[PDB]
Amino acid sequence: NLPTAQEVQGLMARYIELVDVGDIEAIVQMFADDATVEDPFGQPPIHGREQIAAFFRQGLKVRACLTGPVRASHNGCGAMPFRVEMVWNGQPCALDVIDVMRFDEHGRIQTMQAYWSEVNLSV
């Protein structure tokens, strides 16, 4: 069902866990079959699991951690702050991002938006 405020904190923390290990199949399955992702926000969305799996396969070998608590409401929404550490073309970077997610009546991610731009990159 629509996750409660407490369920939203657990699902969102799991999500960062999965991104950190890089288990692409487990990440993809957290999304609804027709979920849409906007990352970075301002960018056109990617729709459906096929496109999301491709987006994630494209980006993972990273380290990701929650840098503060998951903020959650009573209507299936959540927002969380986190940092991603990578090494781009030999140089190590860090990216501070804030993800906002909406869950469906099944506890799956229906919509996701990531807020960040070059001003949040430390290369």
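Note that residue numbering follows the sequence shown and begins at 1.
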As the entry stands, the deposited residues without coordinates between residue 60 and residue 61 add up to 1 to 3
When the C-alpha temperature factors are averaged for each of 86 to 94 and 60 to 68, which stretch ends up with the higher value in the entry?
-> 86 to 94
Between 77 to 85 and 37 to 45, which has the higher average C-alpha B-factor in the PDB entry?
-> 37 to 45
For the listed 105, 99, 25, 20, which has the peak Cα B-factor recorded in the PDB entry?
-> 105
